[PDB]
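Below: one structure, written as structure tokens.
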Amino acid sequence: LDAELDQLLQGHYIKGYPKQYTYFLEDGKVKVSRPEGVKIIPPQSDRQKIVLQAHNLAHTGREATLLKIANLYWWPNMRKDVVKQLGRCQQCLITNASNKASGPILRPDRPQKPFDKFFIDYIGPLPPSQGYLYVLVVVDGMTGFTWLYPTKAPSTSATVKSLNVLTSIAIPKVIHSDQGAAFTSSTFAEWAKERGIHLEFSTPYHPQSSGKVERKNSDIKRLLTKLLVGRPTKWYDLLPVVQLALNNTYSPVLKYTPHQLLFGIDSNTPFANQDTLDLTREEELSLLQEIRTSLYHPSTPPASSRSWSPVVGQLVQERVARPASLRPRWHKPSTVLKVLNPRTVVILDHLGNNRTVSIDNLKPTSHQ
Amino acid sequence: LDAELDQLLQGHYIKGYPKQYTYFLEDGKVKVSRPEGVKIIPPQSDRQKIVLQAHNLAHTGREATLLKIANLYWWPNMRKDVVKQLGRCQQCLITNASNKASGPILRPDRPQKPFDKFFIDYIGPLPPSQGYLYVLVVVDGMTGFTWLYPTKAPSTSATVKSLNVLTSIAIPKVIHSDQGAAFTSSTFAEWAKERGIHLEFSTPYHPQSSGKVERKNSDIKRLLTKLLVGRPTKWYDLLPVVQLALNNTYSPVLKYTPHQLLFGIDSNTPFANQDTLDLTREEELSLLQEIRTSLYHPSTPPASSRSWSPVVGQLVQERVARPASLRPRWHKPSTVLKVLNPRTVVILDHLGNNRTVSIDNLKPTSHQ
Amino acid sequence: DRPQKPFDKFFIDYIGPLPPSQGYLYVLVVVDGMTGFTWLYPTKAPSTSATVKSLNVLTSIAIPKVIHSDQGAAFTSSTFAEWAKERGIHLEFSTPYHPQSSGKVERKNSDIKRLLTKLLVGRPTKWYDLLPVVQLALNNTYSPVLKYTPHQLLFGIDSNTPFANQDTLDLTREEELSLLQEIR
Amino acid sequence: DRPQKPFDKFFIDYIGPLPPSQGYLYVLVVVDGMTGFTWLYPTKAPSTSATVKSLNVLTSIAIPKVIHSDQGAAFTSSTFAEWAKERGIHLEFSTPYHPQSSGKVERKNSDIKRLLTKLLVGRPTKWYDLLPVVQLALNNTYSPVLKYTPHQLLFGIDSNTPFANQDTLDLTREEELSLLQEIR
DNA sequence: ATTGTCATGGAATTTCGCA
DNA sequence: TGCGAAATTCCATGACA
DNA sequence: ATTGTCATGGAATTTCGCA
DNA sequence: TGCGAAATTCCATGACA
Ligand SMILES: O=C1c2ccc(O)c(O)c2C(=O)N1Cc1cccc(Cl)c1F
Ligand SMILES: O=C1c2ccc(O)c(O)c2C(=O)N1Cc1cccc(Cl)c1F
Ligand SMILES: [Mg+2]
Ligand SMILES: [Mg+2]
Ligand SMILES: [Mg+2]
Ligand SMILES: [Mg+2]
Ligand SMILES: [Zn+2]
Ligand SMILES: [Zn+2]
């Protein structure tokens, strides 16, 4: 503070104050003639207060804060002090946006077999058709084969009714869902334990994680819309049609329809493929086993030039889910406990709980 | 049709049916042994019906439709017929998504002078503060200098009250706004003609066009949020503070605050810049004229690898504004009358009106 | 002549009336000829209407080239014919009083009747809820003649619910005793 | 000593009471010393409270180093002093009965009084709505002594509303006749 | 008849202090 | 005429009912 | 304790028919 | 062993409360 600046005025050299400048006194204050002009050099014991008043004018970041300070002051390594303050401003840390993108998305392996993994989800509310407002959508991971059920609500109870009917055909090893009320209930947990079905949940507020079924939702709405053009939106009666229509549609990249991936032979639908007319069912089935293993699988895309990837022990902040008007979009900083994979982490959260969270719902806390 | 295929069966060459294949008859139908298998060659008079039944199963695009047809049929240039049908399917054309991006954005020149152009807009509804729910935001194009007014509604009448107060300072040549109810009313038109102010409107549903003010809205909400952290959202009393705080904040790229761009000298606010303390006001003003003309101006970014740009007379479709559940997201095809600039067009619309529309609210009609 | 495939032929039939369960009285039985895969639908009557409603569910999953049946009223109605023609399904009838399927199918239909009976005793009223578990059972049952279950032939994979206990299917002395008493 | 700048000194004063217009009785007058730029605020009273409310609007646009005033009650109150101290504004008073500004300011204040009078005749009740147009007039008026209008000195540009008719500012024989009659 | 914008904080690049 | 560190500039990211 | 996906239609690239 | 055209494959774009 005053020891340093005293020591300076008498022309002896202090580390950080370049020797080639003349450091006078005037109006009771230490000054210096820098090429930009004459600036006051405050004592070190004053600096934090100054940086703070400058930052507080509009809660500005590094440069915009520095430019205020530089108007009146100079001292060695100003930005280090500015940055020290930014890293401690609660208000800035939880309100500002990130400017680092997520690391590139994972492309999980396709389930190996039909019934290994189901992805389920609700669409709706839709315009009321026959008293029905929602659709339960069930998508077999491996095949894409899809089942549709009209419900009155997206409830556990309507889920259970529908899946009792579906599972008459087969029991899946795993059912993946998002964290909707209907799937996370204890009743639904029981329903699945009762059948040796494992329940797997998306990280919260991250529908991409149910990508398989969400994407099928798009096709379902898109075909429903086309069929309803210029008619009243009476969709209930079309579910069966849409289900069958989609289950028998080719994926151009795969060259197979979901029905074919499931059964290895077309049923009596229009334009049935007849290429295995001469094989025995058994010959057919082992051609299907071959087709199933050799399907195109996409790869992890290039990282963007400014992504971040979570490191164990890093300070990171979870996005507020449904942030009120004029309230911060981020939670207080929290720590990465475990890196589950490069897009998924466990954090020690804003209360004191463990949360498994998508990297897309996180930012790295700025300034460390 | 039958002339062609008859002519063919007897082994004479028809253009389009390669000679090296054997074209027999069987079960009353013309067939051919192609490497993929034996396929029926329908008569030409049957083809449109076939392509149509195949397309109609799930309103599939080119490949997915072709793959159905190829299961049973072969003929010369199948995809040309498939594409002919896709270009005539109303339902597909108005429901499908585009897969061509817009051309790169324009960066309009900065207004030359303060008061040349105002950008105005509403923020809200906000949580009620003193009976107020909205904020009128007025941003001087050239300087960024911003005025804030709390209103009870985003009405013409509250706009006029506020602008009567603002224009006590100066009258702007132009006021740019979006097409909100408050700005498009005949009352507001009169209010502006009365003062020789020209009204300029954004293309509809395209807030980027009010980018100048929208961007300032972000800063306004962001500073309001920080100031309100852990307090009840009593924002009315902060407008003045926020206004002044922002008008005196540096833009790191410019190295000037909006107040400086407007007045060429800081007022008695904290950390006032003092570099022109020794110039006469007149010397100061011509330094300001110099500073104003030399400000950083950004440029049109690279086009994405798959953008389109409108050509006069092209078929294009305007995005439906607020599309009902299960209804098409696109309007019927319409024609580009005039290319106003490469991001703006006049089209002969879905009724019979002329509409000036942003390229971002258009897709090029597929298959021509 | 070409080998037999799944969806080549569905064999359908009604079983009932049964004691009412959740309002239902009958079971429409559909068995795929090639695989022996069974689907079961509860109905309120052996009518064309109930058949159509039920087959509309199934035929939105897969459509048979041929439906085979006895000359039941529901199946010989002209509505049922119109329905089938609409879906390009050929209808096929066994001559009256002489019901013929195929050994595989007959044996399957037998298993169904027996397994039903075994569970509608003790709880003659709770069968509606059990139809799912019955089908899984029937479809994960090993076939003597083929090396495979219907599940396996239909989907070309093992099942997550194998029924490793090829089961009794016969009535214990207790069940013969309270079934020969309840049906009196 | 350093040249004079805008915001160096604001000169403030009350004009009134006037006939009520939209509920208002007075005008707070603020004139920038360097430029002669004028801001006008209608108030209901010459109180510290009305002054503060009005200056809070102005000082959210720009803050003067110094406010100069006569020893009016509103300005010499300790609330008004607390207000100014809070904003780092030095307060400055002319000695009682001896009001001094600067020639530029005095002339400006004169123009304001005269131009007001000229418009509050015929419509002594509609002045509230006219305050905007008065300011534009005053601020786009050519200054004999400087080559420039206040607009130009404040913003360093020409204005989109120049008042090319350096105007009468004097009362026509009709207005002297119905002002020497209405004020009786 | 019109048209994106700019605070942000790591990283990349330049300039500074000294020799 | 060159080094290590500070300062400045660059610029992708994201949010403006 | 978990993780994006895939129809689409121009363009780029390969294959086909013929010589 | 090479050409012009058709066929196939590539892949950016955008939408799944
Ligand atoms: O925002 C939700 C959402 C929220 C909660 C749910 O339970 C749920 O099912 C959904 C849901 O489908 N989306 C749509 C969506 C938006 C953006 C990207 C993707 Cl992949 C996407 F599916
Ligand atoms: O969606 C609107 C909108 C709609 C209608 C209005 O009248 C209006 O003012 C706005 C508005 O501010 N946004 C927010 C917004 C969304 C996406 C991009 C940009 Cl630049 C952006 F400003
Ligand atoms: Mg959901
Ligand atoms: Mg969803
Ligand atoms: Mg708006
Ligand atoms: Mg807006
Ligand atoms: Zn802050
Ligand atoms: Zn279509």
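Labels used: A, B, ... for chains in the order of the structure tokens, numbers from 1 for residues in each chain, and numbers from 1 for ligands as shown.
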Item to complete: Do a neighbour search on residue 5 of chain E at 12 Å with only C-alpha atoms (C1' of nucleotides), toss out local chain neighbours closer than 2 positions, and write the hits as a PyMOL selection string.
Response: (chain B and resi 105-108+110+141+144+207-219+297-298) or (chain E and resi 7) or (chain F and resi 14-16)
Discussion item. Applying 8 Å and only C-alpha atoms (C1' of nucleotides), which residues near segment 8-12 of chain G remain after dropping the ones on its own chain fewer than 6 positions away? List them as a PyMOL selection string.
Written reply: (chain B and resi 61-62+97-99+366) or (chain H and resi 10)
Practice prompt. Around ligand 5, at most 6 Å away and counting only C-alpha atoms (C1' of nucleotides) and all ligand atoms, which residues are there? Put them as an NGL selection string, please.
Written response: :B and (121-122 or 178 or 180)
Worksheet item: Which distance in Å separates atom CA of residue 201 of chain B and atom CA of residue 117 of chain B, to one decimal?
Response: 12.1 Å
Item to complete: Please return, as a PyMOL selection string, all residues of chain B lying within 12 Å of chain G when only C-alpha atoms (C1' of nucleotides) are considered.
Response: chain B and resi 15-21+35+58-65+79+83+86-87+92-93+96-100+305-308+364-368
